[PDB]
$ cat my_file-v3.txt   # compact mmCIF, N, CA and C atoms
# COMPACT_ATOMS: atom_id res chain seq x y z
N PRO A 1 114.22 172.98 149.06
CA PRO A 1 114.37 173.52 150.43
C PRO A 1 113.53 174.79 150.64
N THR A 2 112.56 174.99 149.79
CA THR A 2 111.70 176.19 149.96
C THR A 2 110.24 175.83 149.71
N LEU A 3 109.37 176.39 150.52
CA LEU A 3 107.92 176.13 150.36
C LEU A 3 107.24 177.46 150.04
N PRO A 4 107.22 177.78 148.77
CA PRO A 4 106.68 179.06 148.27
C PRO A 4 105.17 179.14 148.47
N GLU A 5 104.50 178.05 148.20
CA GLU A 5 103.02 178.03 148.38
C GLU A 5 102.65 177.01 149.47
N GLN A 6 103.12 177.28 150.66
CA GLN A 6 102.82 176.36 151.79
C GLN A 6 101.52 176.78 152.47
N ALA A 7 100.57 177.15 151.66
CA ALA A 7 99.24 177.57 152.19
C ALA A 7 98.19 177.37 151.10
N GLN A 8 98.05 178.36 150.26
CA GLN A 8 97.07 178.27 149.15
C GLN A 8 97.67 178.95 147.92
N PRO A 9 97.18 178.57 146.77
CA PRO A 9 97.64 179.17 145.49
C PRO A 9 97.12 180.60 145.33
N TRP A 10 97.56 181.48 146.19
CA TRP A 10 97.10 182.89 146.08
C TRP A 10 98.26 183.89 146.01
N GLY A 11 99.18 183.63 145.13
CA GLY A 11 100.34 184.56 144.99
C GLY A 11 100.08 185.51 143.82
N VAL A 12 99.47 186.63 144.11
CA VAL A 12 99.15 187.60 143.03
C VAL A 12 99.65 189.01 143.39
N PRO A 13 99.98 189.76 142.37
CA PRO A 13 100.98 190.85 142.47
C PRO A 13 100.84 191.69 143.75
N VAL A 14 99.64 192.06 144.09
CA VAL A 14 99.44 192.89 145.32
C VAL A 14 98.17 192.44 145.99
N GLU A 15 97.99 191.16 145.94
CA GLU A 15 96.81 190.53 146.57
C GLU A 15 97.20 189.12 146.98
N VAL A 16 96.34 188.55 147.77
CA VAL A 16 96.53 187.15 148.22
C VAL A 16 95.21 186.58 148.74
N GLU A 17 94.77 187.16 149.82
CA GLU A 17 93.51 186.66 150.43
C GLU A 17 92.57 187.78 150.87
N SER A 18 91.63 188.08 150.02
CA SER A 18 90.63 189.13 150.38
C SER A 18 89.41 188.46 151.03
N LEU A 19 89.37 188.52 152.33
CA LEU A 19 88.24 187.89 153.07
C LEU A 19 87.57 188.82 154.09
N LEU A 20 86.29 188.64 154.24
CA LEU A 20 85.53 189.47 155.22
C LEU A 20 85.17 188.59 156.43
N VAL A 21 85.36 189.16 157.59
CA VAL A 21 85.05 188.41 158.85
C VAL A 21 84.02 189.19 159.67
N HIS A 22 83.11 188.50 160.30
CA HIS A 22 82.09 189.24 161.10
C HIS A 22 82.68 189.65 162.45
N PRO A 23 81.97 190.48 163.16
CA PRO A 23 82.53 191.16 164.35
C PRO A 23 82.64 190.21 165.55
N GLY A 24 83.70 189.44 165.59
CA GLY A 24 83.87 188.50 166.73
C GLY A 24 84.09 187.08 166.21
N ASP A 25 84.91 186.96 165.20
CA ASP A 25 85.17 185.61 164.63
C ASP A 25 86.65 185.41 164.28
N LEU A 26 86.90 184.24 163.74
CA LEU A 26 88.28 183.85 163.34
C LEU A 26 88.59 184.16 161.88
N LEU A 27 89.64 184.92 161.73
CA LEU A 27 90.14 185.32 160.38
C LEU A 27 91.62 184.94 160.31
N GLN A 28 92.06 184.44 159.18
CA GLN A 28 93.50 184.05 159.10
C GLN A 28 94.17 184.39 157.76
N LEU A 29 95.45 184.60 157.86
CA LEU A 29 96.29 184.92 156.68
C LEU A 29 97.51 184.01 156.75
N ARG A 30 97.64 183.10 155.82
CA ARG A 30 98.83 182.20 155.87
C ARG A 30 99.82 182.54 154.76
N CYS A 31 101.02 182.79 155.21
CA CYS A 31 102.12 183.16 154.28
C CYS A 31 102.84 181.92 153.75
N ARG A 32 104.09 182.13 153.42
CA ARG A 32 104.93 181.01 152.89
C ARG A 32 106.19 180.88 153.75
N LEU A 33 107.00 179.89 153.47
CA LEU A 33 108.23 179.72 154.32
C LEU A 33 109.31 178.87 153.64
N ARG A 34 110.55 179.23 153.82
CA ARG A 34 111.63 178.40 153.20
C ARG A 34 112.97 178.65 153.88
N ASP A 35 113.98 177.92 153.46
CA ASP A 35 115.33 178.13 154.06
C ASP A 35 115.89 179.49 153.61
N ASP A 36 115.00 180.38 153.29
CA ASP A 36 115.41 181.74 152.85
C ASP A 36 114.85 182.73 153.87
N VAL A 37 113.56 182.89 153.85
CA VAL A 37 112.93 183.82 154.83
C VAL A 37 112.95 183.18 156.21
N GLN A 38 113.15 184.02 157.18
CA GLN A 38 113.22 183.57 158.60
C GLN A 38 112.28 184.42 159.45
N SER A 39 112.02 185.61 158.99
CA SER A 39 111.12 186.50 159.77
C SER A 39 109.92 186.82 158.89
N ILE A 40 108.75 186.61 159.42
CA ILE A 40 107.52 186.91 158.63
C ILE A 40 106.82 188.08 159.31
N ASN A 41 106.81 189.18 158.63
CA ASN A 41 106.14 190.38 159.20
C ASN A 41 104.78 190.51 158.54
N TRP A 42 103.77 190.71 159.32
CA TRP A 42 102.43 190.86 158.70
C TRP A 42 102.12 192.35 158.72
N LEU A 43 102.19 192.99 157.59
CA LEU A 43 101.95 194.45 157.59
C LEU A 43 100.45 194.66 157.65
N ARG A 44 99.99 195.09 158.79
CA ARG A 44 98.53 195.31 158.97
C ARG A 44 98.14 196.62 158.32
N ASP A 45 96.97 196.63 157.75
CA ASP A 45 96.47 197.86 157.07
C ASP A 45 97.36 198.12 155.85
N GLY A 46 98.53 198.63 156.13
CA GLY A 46 99.52 198.91 155.05
C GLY A 46 100.94 199.05 155.64
N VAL A 47 101.11 198.63 156.86
CA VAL A 47 102.45 198.73 157.51
C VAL A 47 102.72 197.53 158.42
N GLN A 48 103.98 197.20 158.55
CA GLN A 48 104.41 196.04 159.40
C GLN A 48 103.58 195.86 160.67
N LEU A 49 103.19 194.64 160.91
CA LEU A 49 102.40 194.35 162.14
C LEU A 49 102.48 192.89 162.59
N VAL A 50 102.52 192.78 163.89
CA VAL A 50 102.55 191.46 164.58
C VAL A 50 102.15 191.70 166.05
N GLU A 51 100.89 191.57 166.35
CA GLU A 51 100.46 191.84 167.76
C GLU A 51 100.33 190.56 168.59
N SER A 52 99.32 190.53 169.40
CA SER A 52 99.09 189.35 170.29
C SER A 52 97.62 189.26 170.72
N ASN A 53 97.25 190.14 171.62
CA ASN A 53 95.85 190.16 172.11
C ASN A 53 94.87 190.01 170.94
N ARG A 54 94.12 188.94 170.96
CA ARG A 54 93.12 188.68 169.88
C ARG A 54 93.80 188.09 168.64
N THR A 55 94.95 188.61 168.31
CA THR A 55 95.68 188.09 167.12
C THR A 55 96.93 187.32 167.53
N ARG A 56 96.96 186.08 167.13
CA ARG A 56 98.14 185.23 167.43
C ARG A 56 98.92 185.27 166.13
N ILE A 57 99.90 186.13 166.10
CA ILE A 57 100.70 186.26 164.86
C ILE A 57 101.90 185.32 164.87
N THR A 58 101.88 184.31 164.06
CA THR A 58 103.06 183.42 164.08
C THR A 58 103.90 183.69 162.83
N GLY A 59 105.19 183.56 163.00
CA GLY A 59 106.14 183.78 161.87
C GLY A 59 105.78 183.02 160.59
N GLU A 60 104.64 182.39 160.57
CA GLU A 60 104.23 181.65 159.34
C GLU A 60 102.79 182.02 158.96
N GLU A 61 101.98 182.27 159.95
CA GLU A 61 100.57 182.61 159.64
C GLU A 61 100.03 183.48 160.75
N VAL A 62 99.10 184.31 160.40
CA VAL A 62 98.52 185.19 161.43
C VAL A 62 97.07 184.79 161.64
N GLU A 63 96.76 184.47 162.86
CA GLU A 63 95.36 184.07 163.15
C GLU A 63 94.71 185.02 164.16
N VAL A 64 93.66 185.67 163.75
CA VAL A 64 92.94 186.61 164.66
C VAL A 64 91.62 185.90 164.96
N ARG A 65 91.36 185.62 166.20
CA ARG A 65 90.10 184.88 166.51
C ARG A 65 89.04 185.81 167.10
N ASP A 66 88.87 186.93 166.45
CA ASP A 66 87.89 187.92 166.97
C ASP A 66 87.47 188.90 165.87
N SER A 67 88.37 189.15 164.96
CA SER A 67 88.08 190.10 163.85
C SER A 67 87.30 191.33 164.33
N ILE A 68 88.03 192.25 164.89
CA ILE A 68 87.41 193.52 165.38
C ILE A 68 87.80 194.56 164.34
N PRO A 69 87.43 195.80 164.52
CA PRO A 69 88.05 196.91 163.77
C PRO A 69 89.51 196.60 163.39
N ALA A 70 90.17 195.84 164.22
CA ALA A 70 91.60 195.49 163.94
C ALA A 70 91.81 194.87 162.55
N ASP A 71 90.85 194.11 162.07
CA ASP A 71 91.04 193.48 160.73
C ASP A 71 90.36 194.30 159.62
N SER A 72 90.35 195.59 159.80
CA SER A 72 89.78 196.49 158.76
C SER A 72 90.90 197.09 157.88
N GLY A 73 91.49 196.31 157.01
CA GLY A 73 92.58 196.88 156.16
C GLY A 73 93.35 195.79 155.42
N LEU A 74 94.51 196.11 154.93
CA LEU A 74 95.26 195.06 154.19
C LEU A 74 96.35 194.45 155.07
N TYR A 75 96.37 193.15 155.10
CA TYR A 75 97.41 192.44 155.88
C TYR A 75 98.33 191.84 154.84
N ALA A 76 99.30 192.62 154.48
CA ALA A 76 100.24 192.14 153.45
C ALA A 76 101.33 191.41 154.22
N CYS A 77 101.64 190.22 153.81
CA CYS A 77 102.68 189.48 154.56
C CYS A 77 104.01 189.58 153.86
N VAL A 78 105.00 189.97 154.61
CA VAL A 78 106.36 190.09 154.02
C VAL A 78 107.25 189.08 154.74
N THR A 79 107.68 188.12 153.98
CA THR A 79 108.57 187.06 154.53
C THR A 79 109.95 187.51 154.10
N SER A 80 110.87 187.59 155.02
CA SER A 80 112.22 188.06 154.62
C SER A 80 113.38 187.38 155.32
N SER A 81 114.50 187.57 154.67
CA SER A 81 115.80 187.05 155.14
C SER A 81 116.82 188.16 154.87
N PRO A 82 117.96 188.07 155.51
CA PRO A 82 118.98 189.13 155.44
C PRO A 82 119.27 189.62 154.02
N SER A 83 118.83 188.91 153.01
CA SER A 83 119.11 189.38 151.62
C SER A 83 118.00 189.00 150.63
N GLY A 84 116.80 188.84 151.12
CA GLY A 84 115.69 188.46 150.20
C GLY A 84 114.32 188.79 150.82
N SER A 85 113.37 189.09 149.97
CA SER A 85 112.00 189.42 150.48
C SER A 85 110.90 188.91 149.53
N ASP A 86 109.89 188.32 150.11
CA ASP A 86 108.75 187.79 149.30
C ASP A 86 107.45 188.29 149.94
N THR A 87 106.50 188.71 149.14
CA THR A 87 105.25 189.22 149.76
C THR A 87 103.95 188.64 149.19
N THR A 88 102.99 188.57 150.08
CA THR A 88 101.62 188.05 149.76
C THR A 88 100.59 189.08 150.25
N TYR A 89 99.53 189.35 149.53
CA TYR A 89 98.59 190.40 150.05
C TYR A 89 97.21 189.91 150.52
N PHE A 90 97.05 189.80 151.81
CA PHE A 90 95.75 189.33 152.38
C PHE A 90 94.85 190.52 152.69
N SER A 91 93.80 190.70 151.93
CA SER A 91 92.92 191.83 152.30
C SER A 91 92.02 191.29 153.40
N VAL A 92 92.13 191.84 154.57
CA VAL A 92 91.26 191.32 155.66
C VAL A 92 90.38 192.48 156.10
N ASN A 93 89.11 192.25 156.02
CA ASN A 93 88.17 193.33 156.40
C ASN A 93 87.11 192.89 157.40
N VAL A 94 86.96 193.70 158.41
CA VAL A 94 85.92 193.39 159.43
C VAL A 94 84.56 193.83 158.87
N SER A 95 83.57 193.02 159.12
CA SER A 95 82.20 193.31 158.60
C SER A 95 81.47 194.37 159.42
$ encode --input "my_file-v3.txt" --output "structure tokens"
Amino acid sequence: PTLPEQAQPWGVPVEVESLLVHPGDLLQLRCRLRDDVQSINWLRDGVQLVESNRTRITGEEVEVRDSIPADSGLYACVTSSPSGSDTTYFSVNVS
């Protein structure tokens, strides 16, 4: 009842997806999901984040189809439930 790697095999201690995107393109960070976590927070840079304009942040994956200064930092994804937390580290950097 849990999908720990429902994206790619990139579960590493404080990393996940280190990718560079050019100025005006699509960049994405896909987390995991299970009958445990219900809220997926994408900590942009180094703190919780979930915007909209340019970035369509879904409780499972965050897709930014523009990669502006906005994707200059670490997008660590924290999937959580009232009593559990799992994290993946997507380094997303704008070129």
$ residues_near_point --input "my_file-v3.txt" --point "(99.9, 183.8, 163.0)" --cutoff "10 Å" --atoms "only C-alpha atoms" --output "PDB file with N, CA and C atoms, in the frame of the given file"
ATOM      1  N   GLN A  28      92.060 184.440 159.180  1.00  0.00           N
ATOM      2  CA  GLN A  28      93.500 184.050 159.100  1.00  0.00           C
ATOM      3  C   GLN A  28      94.170 184.390 157.760  1.00  0.00           C
ATOM      4  N   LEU A  29      95.450 184.600 157.860  1.00  0.00           N
ATOM      5  CA  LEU A  29      96.290 184.920 156.680  1.00  0.00           C
ATOM      6  C   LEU A  29      97.510 184.010 156.750  1.00  0.00           C
ATOM      7  N   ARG A  30      97.640 183.100 155.820  1.00  0.00           N
ATOM      8  CA  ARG A  30      98.830 182.200 155.870  1.00  0.00           C
ATOM      9  C   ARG A  30      99.820 182.540 154.760  1.00  0.00           C
ATOM     10  N   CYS A  31     101.020 182.790 155.210  1.00  0.00           N
ATOM     11  CA  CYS A  31     102.120 183.160 154.280  1.00  0.00           C
ATOM     12  C   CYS A  31     102.840 181.920 153.750  1.00  0.00           C
ATOM     13  N   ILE A  40     108.750 186.610 159.420  1.00  0.00           N
ATOM     14  CA  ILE A  40     107.520 186.910 158.630  1.00  0.00           C
ATOM     15  C   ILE A  40     106.820 188.080 159.310  1.00  0.00           C
ATOM     16  N   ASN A  41     106.810 189.180 158.630  1.00  0.00           N
ATOM     17  CA  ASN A  41     106.140 190.380 159.200  1.00  0.00           C
ATOM     18  C   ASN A  41     104.780 190.510 158.540  1.00  0.00           C
ATOM     19  N   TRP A  42     103.770 190.710 159.320  1.00  0.00           N
ATOM     20  CA  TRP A  42     102.430 190.860 158.700  1.00  0.00           C
ATOM     21  C   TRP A  42     102.120 192.350 158.720  1.00  0.00           C
ATOM     22  N   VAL A  50     102.520 192.780 163.890  1.00  0.00           N
ATOM     23  CA  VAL A  50     102.550 191.460 164.580  1.00  0.00           C
ATOM     24  C   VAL A  50     102.150 191.700 166.050  1.00  0.00           C
ATOM     25  N   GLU A  51     100.890 191.570 166.350  1.00  0.00           N
ATOM     26  CA  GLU A  51     100.460 191.840 167.760  1.00  0.00           C
ATOM     27  C   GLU A  51     100.330 190.560 168.590  1.00  0.00           C
ATOM     28  N   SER A  52      99.320 190.530 169.400  1.00  0.00           N
ATOM     29  CA  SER A  52      99.090 189.350 170.290  1.00  0.00           C
ATOM     30  C   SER A  52      97.620 189.260 170.720  1.00  0.00           C
ATOM     31  N   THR A  55      94.950 188.610 168.310  1.00  0.00           N
ATOM     32  CA  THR A  55      95.680 188.090 167.120  1.00  0.00           C
ATOM     33  C   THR A  55      96.930 187.320 167.530  1.00  0.00           C
ATOM     34  N   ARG A  56      96.960 186.080 167.130  1.00  0.00           N
ATOM     35  CA  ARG A  56      98.140 185.230 167.430  1.00  0.00           C
ATOM     36  C   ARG A  56      98.920 185.270 166.130  1.00  0.00           C
ATOM     37  N   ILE A  57      99.900 186.130 166.100  1.00  0.00           N
ATOM     38  CA  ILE A  57     100.700 186.260 164.860  1.00  0.00           C
ATOM     39  C   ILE A  57     101.900 185.320 164.870  1.00  0.00           C
ATOM     40  N   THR A  58     101.880 184.310 164.060  1.00  0.00           N
ATOM     41  CA  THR A  58     103.060 183.420 164.080  1.00  0.00           C
ATOM     42  C   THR A  58     103.900 183.690 162.830  1.00  0.00           C
ATOM     43  N   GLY A  59     105.190 183.560 163.000  1.00  0.00           N
ATOM     44  CA  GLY A  59     106.140 183.780 161.870  1.00  0.00           C
ATOM     45  C   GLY A  59     105.780 183.020 160.590  1.00  0.00           C
ATOM     46  N   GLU A  60     104.640 182.390 160.570  1.00  0.00           N
ATOM     47  CA  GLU A  60     104.230 181.650 159.340  1.00  0.00           C
ATOM     48  C   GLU A  60     102.790 182.020 158.960  1.00  0.00           C
ATOM     49  N   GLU A  61     101.980 182.270 159.950  1.00  0.00           N
ATOM     50  CA  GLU A  61     100.570 182.610 159.640  1.00  0.00           C
ATOM     51  C   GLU A  61     100.030 183.480 160.750  1.00  0.00           C
ATOM     52  N   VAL A  62      99.100 184.310 160.400  1.00  0.00           N
ATOM     53  CA  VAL A  62      98.520 185.190 161.430  1.00  0.00           C
ATOM     54  C   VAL A  62      97.070 184.790 161.640  1.00  0.00           C
ATOM     55  N   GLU A  63      96.760 184.470 162.860  1.00  0.00           N
ATOM     56  CA  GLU A  63      95.360 184.070 163.150  1.00  0.00           C
ATOM     57  C   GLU A  63      94.710 185.020 164.160  1.00  0.00           C
ATOM     58  N   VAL A  64      93.660 185.670 163.750  1.00  0.00           N
ATOM     59  CA  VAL A  64      92.940 186.610 164.660  1.00  0.00           C
ATOM     60  C   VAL A  64      91.620 185.900 164.960  1.00  0.00           C
TER      61      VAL A  64
END
$ closest_residue --input "my_file-v3.txt" --among "A:37, A:20, A:94, A:70" --to "residue 82 of chain A" --atoms "only N, CA and C atoms"
A:37
$ residues_around --input "my_file-v3.txt" --residues "segment 91-93 of chain A" --least-positions-apart "6" --cutoff "7 Å" --atoms "only C-alpha atoms" --output "ChimeraX atom specification"
/A:17-21,71-75
$ axis_aligned_box --input "my_file-v3.txt" --around "segment 48-58 of chain A" --padding-each-side "6 Å" --output "AutoDock Vina command-line options"
--center_x 98.8 --center_y 190.3 --center_z 165.3 --size_x 23.3 --size_y 25.8 --size_z 25.6
$ select_by_dssp --input "my_file-v3.txt" --residues "chain A" --states "strand (DSSP E)" --output "PyMOL selection string"
chain A and resi 2-3+19-21+25-30+33-34+39-44+47-49+55-58+61-66+73-81+84-94
$ write_last_selection --input "my_file-v3.txt" --atoms "N, CA and C atoms" --output "compact mmCIF listing (two decimals), in the coordinates of the input"
# COMPACT_ATOMS: atom_id res chain seq x y z
N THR A 2 112.56 174.99 149.79
CA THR A 2 111.70 176.19 149.96
C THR A 2 110.24 175.83 149.71
N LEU A 3 109.37 176.39 150.52
CA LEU A 3 107.92 176.13 150.36
C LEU A 3 107.24 177.46 150.04
N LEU A 19 89.37 188.52 152.33
CA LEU A 19 88.24 187.89 153.07
C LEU A 19 87.57 188.82 154.09
N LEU A 20 86.29 188.64 154.24
CA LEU A 20 85.53 189.47 155.22
C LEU A 20 85.17 188.59 156.43
N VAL A 21 85.36 189.16 157.59
CA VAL A 21 85.05 188.41 158.85
C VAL A 21 84.02 189.19 159.67
N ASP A 25 84.91 186.96 165.20
CA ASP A 25 85.17 185.61 164.63
C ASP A 25 86.65 185.41 164.28
N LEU A 26 86.90 184.24 163.74
CA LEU A 26 88.28 183.85 163.34
C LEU A 26 88.59 184.16 161.88
N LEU A 27 89.64 184.92 161.73
CA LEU A 27 90.14 185.32 160.38
C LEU A 27 91.62 184.94 160.31
N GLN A 28 92.06 184.44 159.18
CA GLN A 28 93.50 184.05 159.10
C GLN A 28 94.17 184.39 157.76
N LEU A 29 95.45 184.60 157.86
CA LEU A 29 96.29 184.92 156.68
C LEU A 29 97.51 184.01 156.75
N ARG A 30 97.64 183.10 155.82
CA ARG A 30 98.83 182.20 155.87
C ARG A 30 99.82 182.54 154.76
N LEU A 33 107.00 179.89 153.47
CA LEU A 33 108.23 179.72 154.32
C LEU A 33 109.31 178.87 153.64
N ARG A 34 110.55 179.23 153.82
CA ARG A 34 111.63 178.40 153.20
C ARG A 34 112.97 178.65 153.88
N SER A 39 112.02 185.61 158.99
CA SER A 39 111.12 186.50 159.77
C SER A 39 109.92 186.82 158.89
N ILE A 40 108.75 186.61 159.42
CA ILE A 40 107.52 186.91 158.63
C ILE A 40 106.82 188.08 159.31
N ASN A 41 106.81 189.18 158.63
CA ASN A 41 106.14 190.38 159.20
C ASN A 41 104.78 190.51 158.54
N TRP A 42 103.77 190.71 159.32
CA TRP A 42 102.43 190.86 158.70
C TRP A 42 102.12 192.35 158.72
N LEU A 43 102.19 192.99 157.59
CA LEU A 43 101.95 194.45 157.59
C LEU A 43 100.45 194.66 157.65
N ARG A 44 99.99 195.09 158.79
CA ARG A 44 98.53 195.31 158.97
C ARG A 44 98.14 196.62 158.32
N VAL A 47 101.11 198.63 156.86
CA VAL A 47 102.45 198.73 157.51
C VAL A 47 102.72 197.53 158.42
N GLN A 48 103.98 197.20 158.55
CA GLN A 48 104.41 196.04 159.40
C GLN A 48 103.58 195.86 160.67
N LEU A 49 103.19 194.64 160.91
CA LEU A 49 102.40 194.35 162.14
C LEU A 49 102.48 192.89 162.59
N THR A 55 94.95 188.61 168.31
CA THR A 55 95.68 188.09 167.12
C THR A 55 96.93 187.32 167.53
N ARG A 56 96.96 186.08 167.13
CA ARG A 56 98.14 185.23 167.43
C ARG A 56 98.92 185.27 166.13
N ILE A 57 99.90 186.13 166.10
CA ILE A 57 100.70 186.26 164.86
C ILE A 57 101.90 185.32 164.87
N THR A 58 101.88 184.31 164.06
CA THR A 58 103.06 183.42 164.08
C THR A 58 103.90 183.69 162.83
N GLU A 61 101.98 182.27 159.95
CA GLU A 61 100.57 182.61 159.64
C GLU A 61 100.03 183.48 160.75
N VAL A 62 99.10 184.31 160.40
CA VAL A 62 98.52 185.19 161.43
C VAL A 62 97.07 184.79 161.64
N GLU A 63 96.76 184.47 162.86
CA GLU A 63 95.36 184.07 163.15
C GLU A 63 94.71 185.02 164.16
N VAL A 64 93.66 185.67 163.75
CA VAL A 64 92.94 186.61 164.66
C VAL A 64 91.62 185.90 164.96
N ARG A 65 91.36 185.62 166.20
CA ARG A 65 90.10 184.88 166.51
C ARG A 65 89.04 185.81 167.10
N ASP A 66 88.87 186.93 166.45
CA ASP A 66 87.89 187.92 166.97
C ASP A 66 87.47 188.90 165.87
N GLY A 73 91.49 196.31 157.01
CA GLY A 73 92.58 196.88 156.16
C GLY A 73 93.35 195.79 155.42
N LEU A 74 94.51 196.11 154.93
CA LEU A 74 95.26 195.06 154.19
C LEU A 74 96.35 194.45 155.07
N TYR A 75 96.37 193.15 155.10
CA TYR A 75 97.41 192.44 155.88
C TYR A 75 98.33 191.84 154.84
N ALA A 76 99.30 192.62 154.48
CA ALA A 76 100.24 192.14 153.45
C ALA A 76 101.33 191.41 154.22
N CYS A 77 101.64 190.22 153.81
CA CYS A 77 102.68 189.48 154.56
C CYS A 77 104.01 189.58 153.86
N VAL A 78 105.00 189.97 154.61
CA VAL A 78 106.36 190.09 154.02
C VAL A 78 107.25 189.08 154.74
N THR A 79 107.68 188.12 153.98
CA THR A 79 108.57 187.06 154.53
C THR A 79 109.95 187.51 154.10
N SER A 80 110.87 187.59 155.02
CA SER A 80 112.22 188.06 154.62
C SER A 80 113.38 187.38 155.32
N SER A 81 114.50 187.57 154.67
CA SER A 81 115.80 187.05 155.14
C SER A 81 116.82 188.16 154.87
N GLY A 84 116.80 188.84 151.12
CA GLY A 84 115.69 188.46 150.20
C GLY A 84 114.32 188.79 150.82
N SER A 85 113.37 189.09 149.97
CA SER A 85 112.00 189.42 150.48
C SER A 85 110.90 188.91 149.53
N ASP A 86 109.89 188.32 150.11
CA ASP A 86 108.75 187.79 149.30
C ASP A 86 107.45 188.29 149.94
N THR A 87 106.50 188.71 149.14
CA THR A 87 105.25 189.22 149.76
C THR A 87 103.95 188.64 149.19
N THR A 88 102.99 188.57 150.08
CA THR A 88 101.62 188.05 149.76
C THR A 88 100.59 189.08 150.25
N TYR A 89 99.53 189.35 149.53
CA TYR A 89 98.59 190.40 150.05
C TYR A 89 97.21 189.91 150.52
N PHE A 90 97.05 189.80 151.81
CA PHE A 90 95.75 189.33 152.38
C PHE A 90 94.85 190.52 152.69
N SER A 91 93.80 190.70 151.93
CA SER A 91 92.92 191.83 152.30
C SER A 91 92.02 191.29 153.40
N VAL A 92 92.13 191.84 154.57
CA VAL A 92 91.26 191.32 155.66
C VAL A 92 90.38 192.48 156.10
N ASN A 93 89.11 192.25 156.02
CA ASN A 93 88.17 193.33 156.40
C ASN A 93 87.11 192.89 157.40
N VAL A 94 86.96 193.70 158.41
CA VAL A 94 85.92 193.39 159.43
C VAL A 94 84.56 193.83 158.87
$ atom_distance --input "my_file-v3.txt" --atom1 "atom C of residue 90 of chain A" --atom2 "atom CA of residue 1 of chain A"
26.0 Å
$ residues_near_point --input "my_file-v3.txt" --point "(100.5, 185.7, 147.0)" --cutoff "8 Å" --atoms "all atoms listed in the file" --output "list in words"
residues 8, 9, 10, 11, 12, 13, 14, 15, 16, 17, 31, 86, 87, 88, 89 and 90 of chain A
$ atom_distance --input "my_file-v3.txt" --atom1 "atom CA of residue 44 of chain A" --atom2 "atom N of residue 3 of chain A"
23.4 Å
$ atom_distance --input "my_file-v3.txt" --atom1 "atom N of residue 5 of chain A" --atom2 "atom N of residue 36 of chain A"
11.9 Å
$ closest_residue --input "my_file-v3.txt" --among "A:53, A:39, A:6, A:95" --to "residue 81 of chain A" --atoms "only C-alpha atoms"
A:39
